[PDB]
Every structure is written in structure tokens, then in C-alpha cells.
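Colleague: Here it is, the structure, as C-alpha cells.
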2 protein chains.
Amino acid sequence: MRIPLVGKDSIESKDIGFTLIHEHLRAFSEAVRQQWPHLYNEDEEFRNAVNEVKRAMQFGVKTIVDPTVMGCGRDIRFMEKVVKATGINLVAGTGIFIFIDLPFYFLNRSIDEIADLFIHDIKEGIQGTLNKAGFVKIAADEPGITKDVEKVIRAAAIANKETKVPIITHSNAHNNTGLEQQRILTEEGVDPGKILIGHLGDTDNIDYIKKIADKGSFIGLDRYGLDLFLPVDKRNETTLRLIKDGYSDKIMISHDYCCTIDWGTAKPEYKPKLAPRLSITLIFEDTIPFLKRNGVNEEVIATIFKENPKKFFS
Amino acid sequence: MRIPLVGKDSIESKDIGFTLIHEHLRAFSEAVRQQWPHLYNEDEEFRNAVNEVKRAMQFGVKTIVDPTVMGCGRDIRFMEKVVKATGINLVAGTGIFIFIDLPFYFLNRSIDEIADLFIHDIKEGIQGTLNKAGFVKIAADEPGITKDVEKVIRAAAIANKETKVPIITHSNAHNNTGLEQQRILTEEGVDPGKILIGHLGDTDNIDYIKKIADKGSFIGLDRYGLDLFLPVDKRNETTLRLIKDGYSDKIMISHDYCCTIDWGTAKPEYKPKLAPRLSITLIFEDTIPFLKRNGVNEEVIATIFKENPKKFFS
Ligand SMILES: [Co+2]
Ligand SMILES: [Co+2]
Ligand SMILES: [Fe+3]
Ligand SMILES: [Fe+3]
């Protein structure tokens, strides 16, 4: 049985079904929450996560992959509770989410030591439980590929080669961080088809997106649930274009919706069209209807949400 | 009653007695410990902290100030347990320990919001307890005064003006971060005598140290318990020189000893002389004996370890 699930027995990858590849039940800074618990309400976070997951299931979602890892408040016990309340298939991961430097812990420590943490979570279990990690998550953003960012990428490659689990990335779509992640990983012997380069939906630079897809990795059109770089309308145009041009077998779509997130609220921007309701089901309300009425058939939807995740985890 | 104590009623500053102004019962990365608890042993950390505190008390230490804050694993409940086991007067603080950027939580949040966290810990209590913070801790290092580092400095000034608690800093002695911290704080209306500029013992650049002292702030010769920038022998020479030159009333001495720390072990260096045993009592075994046999009298020791802390907290 291929894929470990939180609070359940492992499943064969062929049985993953309709999958959301990048969603967060919760996201927060470990340090802030430890130091100022008065800012947080776990009961509200729990209710929000359960409600969102239930709504996803009502649209036919069978499996959710949650790439919350170190730096963003991964909590396997919170996750297992959401599973108990919903019955969702939930895939947890391991990894480190940094943009610049590692925590002081990692002073004088090797790439192998970092990889050992990942392999621990994959082979032994997460945070003292028998729930195992099913993928590795890594990140890079505006600061680019720093020394420490590269250390983490190389550690992810070691983990993949040992355990065969895939790698999901966070990138900044407006620099070449995604291309660099793919290059470094494949140089270190990672199968390109075992990599999802994240947040490429944040740009409309189609040639850059296709370049990564052509090199054999999945491309993450994965932030439909954030009011980030690109509006939903323009994301949809980019998604449609890539489908028209034959890239369905590389496309992965998700919301990157955080059922709760601890970030401060940004100044709101109002456009001619009423802002879309951001949630874990926006693609069922907006994106998928938009695609269907623009001529893309059911086989495309099945490819993106079923076949592609199956391959990724195979 | 001026100064709040962990697990005890507050004390008048005049009763603080012989004080170690900068020690850590424990230090670790919140994120690393949350994600990989298998790396840590709280029972060993507890035994180490209790043992060290007891040994300090055997040399006449009455009060320990512990500037462990966000980023370095402050845990008020661990602290209160050490107090119960030892009877030490322990002063806990609030603040943020960063060198570059704030956690993602602080995106779109103001300096006033940051200050509110500090004031919460000072006026209401720490981590859901009635133990209150008695000072603010801030940091800057090799990256210098970044945007976010400056935000935290300015928030500390607001907290001081509202609550009158002093400010302890971490600086890098080989750039001008300490001088910059002092300048920014005093510009924002902080009394220079309510600031301890930390880690100046890391350099032998006496003119730089005196410059900060002359501007009215305490100078931290405060890393006797680390095998860091400067060896103990050279620290001792610098300490003696400053005393000879009349700076006793600005000098604060401590170890910055971490009874446990989670950092990887650096490559050892062996010198002609047997390496000193690093602990929370090294100054009683090495530094203070060295000073005494070089002619500095008991009044100097009383000034540094009793009178200076009294003023700082007055
Ligand atoms: Co991301
Ligand atoms: Co320091
Ligand atoms: Fe994400
Ligand atoms: Fe320290």
C-alpha cells in the first residue's frame, strides 16, 4: 500500500481518487503561537477546517494533500482530529519551509542530518505518532536559492531517493526559483515526474510554465483560494490556454486555501466584478464551470484531479 | 513592588541582591522542537537547569535574569518548575529575537501591534499565566538593522515608555549594531540607563565599548559561558582594563550560559592552556578570582553584580 494517510491505513495510489493536491487545514508560525497563545483560537480553527473539508467532500473530493510543514505549524494531532470528524483521506508531509536561513538549531549540521529528519517522518512517524509522511515539501521565494534553501532542496532529494515519496515545492512565479528547484532535484537523481513545482499559477508567463512542464514535472496552478498575485479570471485564462495547448497531463489545480491563517489582513482592493468567495471549493463554483463552458471535457478534469495525482504518488 | 518574579510575588528593586543579568535555563527553536520532538529530552534539560541554578546559589547568586524570548523557546511553565525546585529569584522577559525578518504572522501588522504583545506580557502575564515580564529583549547581528529588526526596536521603546521596564539587547560586537540599538532607543525617548547593550564582551575594541558606556547605557560583558568570539583570558583583560579606567558603574557581567542549547557542536579548538569549564559559575572560578588578584576590590564586585542591576530595574 503506497500512500500513508493520517488516522487511517495506507492506500494504493490507484485508489487516491479525486484529489486536492495543495490545501492547508491550518497555517501559523510555531514561535508566535507558542509565545502569544492569546492570539489564537483552536476551537474556531477546528470548526473552520471540518466545515471546509465537509464541503469539499460534497463536491466529490476523496483525498486532500496538506503541505503544512516546519515553519507553518504542522500539527499531526490536529490533523487526525479533522480526519476523525470528516472521514477524508488526508496526506501529511515532512519538510522545511524557509525563504532565507534555517533555525539556529541547524548551525554546524549537515545536509544528511536534515534528510534524516525527513526520513524519520516518512519511515517512523510524525511528532511521536505512527502517522507517516507521504511527501516532502520545500520552498524558495523572493530571496532566491540561498545556501540554506539549497541545503533543504538537496536533503529532499536524499529523502526521495531513499523512500520514493514525491516532492511538492513552493516557488515565486516571478523569479526562476521553480526552474532552479527542478534543476537541482533532477541533477541529484530525482525523477522529474516525482516533482510538483508550486505556485506557477501566480503568473501568466505561459512560456515559463510550459518550460517546467516540458522538463517533466507537474505544474502547480494551485492558489485559486488566495487573492494573491493573479486574479481568478486571469488564472482561468492561463489554465484554459495550457489545456488547449495539450498540457493537461502536467497540470495540477488547487486553492492553497488556509481554513485559518494567522497573517495580518492586507488592504482590500475592489474591482468592477464582485470579488470571488475564497474557499476550498472555489474551483467547483468558478474554475471548473468556466472550463466546461469553454469546451474542455470531463476527461480533462479526470486527468488533472485523478490521473495526475495517481502518477505523482505511484 | 518593582520587579515581577516567576512563581513568586514581586520584589522591590533594592532587594534584587547579587544578580546574573543574562543566563538561559534553556534555549531552542520553537519550530524545530514542535516538528521533531524526538531530538529533545525535557527531563535532561530540567535536571541540567536545576543543577546549574543550585550551583549559582551556592556562590551567593540571589537573582537570575533569563532573556529567552520568541525565537529561542521561552517557556514560562518550565521556568516556574525550575523556581519551585530551587527557590531562585527568576526574572522572565518578553520580546522578539530575530536577525533578519519577522515570522509571516507579522505581515501587514504595525509596530503598535508588536508593542501590544510586549505590554500584554508585562501587564497581564506570559503564556496564559499570571507570571509577568520584567524587561524587553531585542536583537540584531551580522545582517545589521533591517526593516523588521528596526520595527522590533521601536516596539520595545513603546513598551518601556508605557511600563518603565528596562531593555536588554543582543548585538554583534564587530559591527555597530549595539551603538545603533542605543541610538534608536534613546531617540524614541528611552532613558539610556534603562538599556543594557549586549555581547560587547565579544570584542577587545575598548574604545567602542567605552563609547556606548559614555552615552549612558550598561555594557554587557556577558558571554563568559560561551566559547565564542573571544577567549576567557582576553575577556578578563578587557574587563580588568575597563575597571581600571573607571567603568565599573556601567559594567554588567554574565555567562550567557545555556544549561541546554540545541545548536550543533562546532569543531573543537585546542590551545596551549586547558580549556575552561563552561558553566553558570565560571565567573566565580575564573573571572572574579582573576580580578581580585589583580587588585580590584570587593566594592567593584558589589557595584557590578548588585548596584548596577538595582539601578537597571529601578
Ligand atoms: Co506556498
Ligand atoms: Co544574545
Ligand atoms: Fe501552501
Ligand atoms: Fe543570550
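Ligands are numbered from 1 in the order shown, residues from 1 within each chain, and chains are lettered A, B, ... in the order they appear in the C-alpha cells.
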Neighbours of ligand 4 within 7 Å, counting only C-alpha atoms and all ligand atoms, as a short mmCIF file (atom, residue, chain, number, x, y, z; two decimals) with N, CA and C atoms, in the first residue's frame?
Modeller:
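Output file selection-v4.cif follows:
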```cif
data_model
loop_
_atom_site.label_atom_id
_atom_site.label_comp_id
_atom_site.auth_asym_id
_atom_site.auth_seq_id
_atom_site.Cartn_x
_atom_site.Cartn_y
_atom_site.Cartn_z
N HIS B 22 22.17 37.82 32.55
CA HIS B 22 21.94 37.22 31.24
C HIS B 22 22.36 35.75 31.24
N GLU B 23 21.39 34.88 31.55
CA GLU B 23 21.58 33.44 31.51
C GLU B 23 20.33 32.79 30.91
N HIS B 24 20.49 31.61 30.31
CA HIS B 24 19.36 30.89 29.73
C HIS B 24 19.21 29.52 30.39
N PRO B 67 16.88 36.10 29.50
CA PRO B 67 16.33 36.79 28.33
C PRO B 67 15.99 35.90 27.15
N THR B 68 15.44 34.71 27.45
CA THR B 68 14.90 33.81 26.44
C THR B 68 13.52 34.32 26.03
N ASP B 256 25.84 34.05 29.69
CA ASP B 256 25.02 33.68 28.55
C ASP B 256 25.08 32.16 28.42
#
```
Colleague: Using only C-alpha atoms, what table do you get, as a Markdown table, when you list each residue of chain A with an atom no more than 10 Å from chain B, its nearest pair of atoms, and their distance in Å rounded to one decimal, rows by chain then rising number?
Modeller:
```
| residue | atom | partner | partner_atom | distance |
| --- | --- | --- | --- | --- |
| A:27 | CA | B:105 | CA | 9.7 |
| A:28 | CA | B:105 | CA | 6.9 |
| A:29 | CA | B:103 | CA | 6.4 |
| A:30 | CA | B:31 | CA | 5.2 |
| A:31 | CA | B:30 | CA | 5.2 |
| A:32 | CA | B:70 | CA | 7.0 |
| A:33 | CA | B:30 | CA | 9.4 |
| A:34 | CA | B:30 | CA | 7.3 |
| A:35 | CA | B:70 | CA | 6.1 |
| A:36 | CA | B:127 | CA | 6.0 |
| A:37 | CA | B:127 | CA | 6.2 |
| A:38 | CA | B:128 | CA | 7.2 |
| A:39 | CA | B:117 | CA | 9.4 |
| A:69 | CA | B:35 | CA | 7.8 |
| A:70 | CA | B:31 | CA | 6.0 |
| A:71 | CA | B:31 | CA | 6.0 |
| A:72 | CA | B:31 | CA | 8.4 |
| A:73 | CA | B:31 | CA | 7.6 |
| A:74 | CA | B:35 | CA | 7.1 |
| A:75 | CA | B:35 | CA | 7.9 |
| A:76 | CA | B:35 | CA | 9.4 |
| A:94 | CA | B:35 | CA | 8.9 |
| A:95 | CA | B:35 | CA | 9.5 |
| A:96 | CA | B:32 | CA | 9.4 |
| A:100 | CA | B:100 | CA | 8.9 |
| A:101 | CA | B:100 | CA | 9.1 |
| A:102 | CA | B:32 | CA | 9.9 |
| A:103 | CA | B:29 | CA | 6.4 |
| A:104 | CA | B:263 | CA | 6.3 |
| A:105 | CA | B:263 | CA | 4.4 |
| A:106 | CA | B:263 | CA | 6.4 |
| A:107 | CA | B:264 | CA | 5.4 |
| A:108 | CA | B:264 | CA | 4.9 |
| A:109 | CA | B:264 | CA | 5.7 |
| A:110 | CA | B:264 | CA | 9.4 |
| A:117 | CA | B:36 | CA | 7.4 |
| A:118 | CA | B:36 | CA | 9.7 |
| A:120 | CA | B:36 | CA | 9.1 |
| A:121 | CA | B:36 | CA | 8.6 |
| A:126 | CA | B:36 | CA | 7.8 |
| A:127 | CA | B:36 | CA | 6.0 |
| A:128 | CA | B:38 | CA | 7.2 |
| A:261 | CA | B:105 | CA | 8.4 |
| A:262 | CA | B:105 | CA | 5.4 |
| A:263 | CA | B:105 | CA | 4.4 |
| A:264 | CA | B:108 | CA | 4.9 |
| A:265 | CA | B:108 | CA | 6.3 |
| A:266 | CA | B:108 | CA | 5.9 |
| A:267 | CA | B:108 | CA | 8.4 |
```
Colleague: Show me a table, sorted first by chain and then by increasing residue number, of the residues of segment 78-139 of chain B having an atom at most 7 Å from segment 156-162 of chain B, each with its shortest atom pair and the distance in Å to one decimal, counting only C-alpha atoms and written as JSON lines.
Modeller:
```
{"residue": "B:115", "atom": "CA", "partner": "B:159", "partner_atom": "CA", "distance": 5.8}
{"residue": "B:118", "atom": "CA", "partner": "B:159", "partner_atom": "CA", "distance": 6.4}
{"residue": "B:119", "atom": "CA", "partner": "B:159", "partner_atom": "CA", "distance": 5.8}
{"residue": "B:136", "atom": "CA", "partner": "B:156", "partner_atom": "CA", "distance": 6.3}
```
Colleague: Which residues are close to residue 88 of chain A, i.e. within 10 Å by only C-alpha atoms, leaving aside same-chain residues fewer than 3 positions away? Reply as a list in words.
Modeller: residues 5, 6, 7, 8, 50, 53, 54, 56, 57, 61, 62, 63, 64, 82, 83, 84, 85 and 91 of chain A
Colleague: Can those selected residues be exported to a file as an mmCIF file, in the first residue's frame so that it contains N, CA and C atoms?
Modeller:
```cif
data_model
loop_
_atom_site.group_PDB
_atom_site.id
_atom_site.type_symbol
_atom_site.label_atom_id
_atom_site.label_comp_id
_atom_site.auth_asym_id
_atom_site.auth_seq_id
_atom_site.Cartn_x
_atom_site.Cartn_y
_atom_site.Cartn_z
ATOM 1 N N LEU A 5 -1.851 7.625 5.156
ATOM 2 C CA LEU A 5 -2.933 8.554 5.443
ATOM 3 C C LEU A 5 -2.980 8.839 6.941
ATOM 4 N N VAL A 6 -3.306 10.084 7.296
ATOM 5 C CA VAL A 6 -3.468 10.454 8.691
ATOM 6 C C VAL A 6 -4.689 9.728 9.256
ATOM 7 N N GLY A 7 -4.480 8.983 10.345
ATOM 8 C CA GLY A 7 -5.574 8.372 11.082
ATOM 9 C C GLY A 7 -6.214 7.186 10.358
ATOM 10 N N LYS A 8 -5.551 6.668 9.314
ATOM 11 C CA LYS A 8 -6.080 5.545 8.552
ATOM 12 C C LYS A 8 -4.949 4.631 8.086
ATOM 13 N N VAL A 50 -13.065 21.558 9.636
ATOM 14 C CA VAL A 50 -14.039 20.493 9.463
ATOM 15 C C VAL A 50 -15.092 20.927 8.445
ATOM 16 N N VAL A 53 -13.598 20.923 4.829
ATOM 17 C CA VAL A 53 -13.363 19.572 4.345
ATOM 18 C C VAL A 53 -14.694 18.916 3.975
ATOM 19 N N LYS A 54 -15.720 19.098 4.810
ATOM 20 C CA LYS A 54 -17.021 18.511 4.526
ATOM 21 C C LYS A 54 -17.564 19.051 3.205
ATOM 22 N N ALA A 56 -15.845 20.187 0.658
ATOM 23 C CA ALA A 56 -15.064 19.597 -0.419
ATOM 24 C C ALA A 56 -15.592 18.199 -0.745
ATOM 25 N N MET A 57 -15.907 17.423 0.294
ATOM 26 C CA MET A 57 -16.365 16.056 0.104
ATOM 27 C C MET A 57 -17.716 16.048 -0.617
ATOM 28 N N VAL A 61 -14.570 15.329 -3.571
ATOM 29 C CA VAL A 61 -13.170 15.193 -3.203
ATOM 30 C C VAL A 61 -13.004 13.985 -2.279
ATOM 31 N N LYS A 62 -12.046 13.114 -2.622
ATOM 32 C CA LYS A 62 -11.781 11.904 -1.856
ATOM 33 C C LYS A 62 -10.531 12.077 -0.993
ATOM 34 N N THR A 63 -9.537 12.804 -1.516
ATOM 35 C CA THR A 63 -8.244 12.934 -0.858
ATOM 36 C C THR A 63 -7.790 14.394 -0.873
ATOM 37 N N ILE A 64 -7.257 14.854 0.268
ATOM 38 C CA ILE A 64 -6.643 16.169 0.380
ATOM 39 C C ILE A 64 -5.188 15.984 0.809
ATOM 40 N N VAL A 82 -9.364 16.211 12.653
ATOM 41 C CA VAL A 82 -10.156 16.589 11.494
ATOM 42 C C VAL A 82 -10.549 15.339 10.702
ATOM 43 N N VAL A 83 -9.632 14.373 10.576
ATOM 44 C CA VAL A 83 -9.934 13.139 9.863
ATOM 45 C C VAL A 83 -11.048 12.387 10.587
ATOM 46 N N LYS A 84 -10.970 12.319 11.919
ATOM 47 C CA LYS A 84 -11.973 11.591 12.679
ATOM 48 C C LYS A 84 -13.350 12.226 12.486
ATOM 49 N N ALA A 85 -13.387 13.551 12.309
ATOM 50 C CA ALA A 85 -14.635 14.294 12.236
ATOM 51 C C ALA A 85 -15.235 14.278 10.828
ATOM 52 N N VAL A 91 -3.313 13.327 3.321
ATOM 53 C CA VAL A 91 -1.894 13.023 3.222
ATOM 54 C C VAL A 91 -1.112 14.156 3.877
#
```
Colleague: Counting only C-alpha atoms and all ligand atoms, name the residues that have an atom within 8 Å of an atom of ligand 1; the answer should be given as a PyMOL selection string.
Modeller: chain A and resi 139+169-171+198-199+256
Colleague: So which residues of segment 180-229 of chain B fall under strand (DSSP E or B) by DSSP, listed as a list in words?
Modeller: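 The strand (DSSP E or B) residues within segment 180-229 of chain B come out as residues 195, 196, 197, 218, 219, 220 and 221 of chain B.
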Colleague: When you draw a straight line from atom CA of residue 130 of chain A to atom CA of residue 314 of chain A, how long is it in Å?
Modeller: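 Taking atom CA of residue 130 of chain A and atom CA of residue 314 of chain A, their separation equals 21.7 Å.
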Colleague: DSSP on the backbone: which residues in segment 175-278 of chain B end up as helix (DSSP H, G or I)? Give the answer as a tab-separated table (two decimals) with N, CA and C atoms, in the first residue's frame.
Modeller:
```
chain	number	residue	atom	x	y	z
B	177	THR	N	25.94	47.38	15.57
B	177	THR	CA	24.55	47.11	15.89
B	177	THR	C	24.20	47.59	17.30
B	178	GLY	N	25.12	47.43	18.26
B	178	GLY	CA	24.87	47.86	19.63
B	178	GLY	C	24.70	49.37	19.73
B	179	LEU	N	25.59	50.11	19.07
B	179	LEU	CA	25.52	51.56	19.03
B	179	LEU	C	24.20	52.00	18.39
B	180	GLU	N	23.79	51.30	17.33
B	180	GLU	CA	22.57	51.65	16.62
B	180	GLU	C	21.34	51.40	17.49
B	181	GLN	N	21.32	50.27	18.20
B	181	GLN	CA	20.21	49.97	19.10
B	181	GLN	C	20.07	51.09	20.13
B	182	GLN	N	21.19	51.49	20.74
B	182	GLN	CA	21.19	52.52	21.76
B	182	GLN	C	20.66	53.84	21.18
B	183	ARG	N	21.11	54.18	19.97
B	183	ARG	CA	20.73	55.44	19.35
B	183	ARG	C	19.23	55.47	19.08
B	184	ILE	N	18.71	54.41	18.46
B	184	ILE	CA	17.31	54.37	18.08
B	184	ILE	C	16.44	54.43	19.33
B	185	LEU	N	16.80	53.66	20.37
B	185	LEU	CA	16.01	53.63	21.58
B	185	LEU	C	16.00	55.00	22.26
B	186	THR	N	17.15	55.66	22.35
B	186	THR	CA	17.22	56.94	23.06
B	186	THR	C	16.50	58.02	22.26
B	187	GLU	N	16.55	57.93	20.92
B	187	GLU	CA	15.82	58.88	20.08
B	187	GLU	C	14.32	58.76	20.34
B	192	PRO	N	18.77	56.24	28.62
B	192	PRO	CA	19.94	55.42	28.33
B	192	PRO	C	20.27	54.42	29.44
B	193	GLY	N	19.97	54.81	30.69
B	193	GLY	CA	20.28	53.98	31.85
B	193	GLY	C	19.32	52.81	32.00
B	194	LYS	N	18.33	52.72	31.10
B	194	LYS	CA	17.37	51.63	31.10
B	194	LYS	C	17.68	50.63	30.00
B	200	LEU	N	29.06	42.94	24.21
B	200	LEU	CA	30.20	43.81	23.96
B	200	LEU	C	31.48	43.14	24.46
B	201	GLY	N	31.34	42.13	25.32
B	201	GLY	CA	32.48	41.37	25.80
B	201	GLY	C	33.11	40.53	24.69
B	202	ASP	N	32.43	40.46	23.54
B	202	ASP	CA	32.87	39.62	22.43
B	202	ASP	C	34.02	40.28	21.67
B	206	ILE	N	38.17	48.46	22.88
B	206	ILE	CA	37.79	49.10	24.13
B	206	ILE	C	37.11	50.44	23.86
B	207	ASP	N	37.53	51.12	22.79
B	207	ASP	CA	37.02	52.46	22.51
B	207	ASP	C	35.53	52.38	22.14
B	208	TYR	N	35.16	51.31	21.42
B	208	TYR	CA	33.77	51.11	21.03
B	208	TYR	C	32.92	50.85	22.27
B	209	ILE	N	33.42	50.01	23.17
B	209	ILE	CA	32.71	49.67	24.39
B	209	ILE	C	32.51	50.93	25.23
B	210	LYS	N	33.58	51.72	25.40
B	210	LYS	CA	33.50	52.91	26.23
B	210	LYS	C	32.53	53.92	25.64
B	211	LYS	N	32.45	53.98	24.31
B	211	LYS	CA	31.59	54.94	23.63
B	211	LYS	C	30.14	54.71	24.05
B	212	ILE	N	29.73	53.44	24.09
B	212	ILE	CA	28.37	53.08	24.45
B	212	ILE	C	28.14	53.38	25.94
B	213	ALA	N	29.11	53.03	26.78
B	213	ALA	CA	29.01	53.29	28.21
B	213	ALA	C	28.90	54.79	28.46
B	214	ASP	N	29.67	55.59	27.71
B	214	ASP	CA	29.72	57.03	27.93
B	214	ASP	C	28.38	57.67	27.54
B	232	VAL	N	38.38	33.47	27.27
B	232	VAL	CA	38.12	33.98	28.61
B	232	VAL	C	39.28	34.87	29.05
B	233	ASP	N	40.51	34.48	28.68
B	233	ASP	CA	41.70	35.20	29.10
B	233	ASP	C	41.65	36.63	28.56
B	234	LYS	N	41.20	36.78	27.31
B	234	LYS	CA	41.17	38.08	26.67
B	234	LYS	C	39.96	38.88	27.16
B	235	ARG	N	38.85	38.19	27.45
B	235	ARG	CA	37.71	38.84	28.07
B	235	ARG	C	38.16	39.45	29.40
B	236	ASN	N	38.90	38.66	30.18
B	236	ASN	CA	39.34	39.07	31.51
B	236	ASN	C	40.21	40.32	31.40
B	237	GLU	N	41.08	40.37	30.39
B	237	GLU	CA	41.97	41.50	30.21
B	237	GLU	C	41.14	42.75	29.91
B	238	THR	N	40.12	42.59	29.06
B	238	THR	CA	39.26	43.70	28.68
B	238	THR	C	38.45	44.16	29.89
B	239	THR	N	37.91	43.20	30.65
B	239	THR	CA	37.13	43.52	31.84
B	239	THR	C	37.99	44.31	32.83
B	240	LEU	N	39.22	43.84	33.06
B	240	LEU	CA	40.12	44.47	34.01
B	240	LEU	C	40.45	45.89	33.56
B	241	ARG	N	40.74	46.06	32.26
B	241	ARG	CA	41.08	47.36	31.71
B	241	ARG	C	39.94	48.35	31.96
B	242	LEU	N	38.70	47.92	31.69
B	242	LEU	CA	37.56	48.81	31.84
B	242	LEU	C	37.38	49.20	33.30
B	243	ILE	N	37.66	48.27	34.22
B	243	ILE	CA	37.55	48.55	35.64
B	243	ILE	C	38.63	49.57	36.04
B	244	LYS	N	39.86	49.32	35.59
B	244	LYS	CA	40.97	50.21	35.89
B	244	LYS	C	40.64	51.64	35.45
B	248	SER	N	33.28	50.72	36.17
B	248	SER	CA	32.58	49.72	36.96
B	248	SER	C	31.07	49.99	36.98
B	249	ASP	N	30.68	51.27	36.99
B	249	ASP	CA	29.28	51.62	37.20
B	249	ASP	C	28.47	51.44	35.92
B	250	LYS	N	29.10	50.92	34.86
B	250	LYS	CA	28.38	50.65	33.62
B	250	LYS	C	28.51	49.18	33.22
```
Colleague: If you measure from atom CA of residue 133 of chain B to atom CA of residue 4 of chain B, what distance in Å do you get, rounded to one decimal?
Modeller: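 Separating atom CA of residue 133 of chain B from atom CA of residue 4 of chain B is a distance of 6.7 Å.
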Colleague: Just the residues within 9 Å of residue 281 of chain A, please, counting only C-alpha atoms, with nothing from its chain fewer than 5 positions along; format it as a VMD selection string.
Modeller: chain A and resid 52 55 to 56 59 225 255 286
Colleague: Write the residues you've just listed into a file as a PDB file, in the first residue's frame, and include N, CA and C atoms for each of them.
Modeller:
```pdb
ATOM      1  N   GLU A  52     -14.897  23.160   5.995  1.00  0.00           N
ATOM      2  CA  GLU A  52     -14.356  23.242   4.647  1.00  0.00           C
ATOM      3  C   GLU A  52     -14.175  21.844   4.053  1.00  0.00           C
ATOM      4  N   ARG A  55     -17.403  20.357   2.962  1.00  0.00           N
ATOM      5  CA  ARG A  55     -17.915  20.949   1.734  1.00  0.00           C
ATOM      6  C   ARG A  55     -17.159  20.394   0.525  1.00  0.00           C
ATOM      7  N   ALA A  56     -15.845  20.187   0.658  1.00  0.00           N
ATOM      8  CA  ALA A  56     -15.064  19.597  -0.419  1.00  0.00           C
ATOM      9  C   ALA A  56     -15.592  18.199  -0.745  1.00  0.00           C
ATOM     10  N   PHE A  59     -18.532  17.872  -2.988  1.00  0.00           N
ATOM     11  CA  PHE A  59     -18.262  18.051  -4.408  1.00  0.00           C
ATOM     12  C   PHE A  59     -17.480  16.872  -4.991  1.00  0.00           C
ATOM     13  N   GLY A 225      -7.463  29.841  -4.147  1.00  0.00           N
ATOM     14  CA  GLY A 225      -8.153  30.201  -2.916  1.00  0.00           C
ATOM     15  C   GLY A 225      -7.506  31.381  -2.194  1.00  0.00           C
ATOM     16  N   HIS A 255      -6.248  25.190  -4.308  1.00  0.00           N
ATOM     17  CA  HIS A 255      -6.595  26.515  -3.823  1.00  0.00           C
ATOM     18  C   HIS A 255      -5.492  27.126  -2.962  1.00  0.00           C
ATOM     19  N   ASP A 286     -16.348  28.146  -9.664  1.00  0.00           N
ATOM     20  CA  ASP A 286     -15.864  29.109 -10.639  1.00  0.00           C
ATOM     21  C   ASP A 286     -15.051  28.406 -11.726  1.00  0.00           C
TER      22      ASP A 286
END
```
Colleague: What is the atom CA of residue 196 of chain B to atom CA of residue 219 of chain B distance in Å?
Modeller: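 That distance, rounded to one decimal, is 5.8 Å.
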Colleague: Restricting the calculation to only C-alpha atoms and all ligand atoms, which member of B:303, B:13, B:254, B:146 is positioned closest to ligand 2?
Modeller: B:254
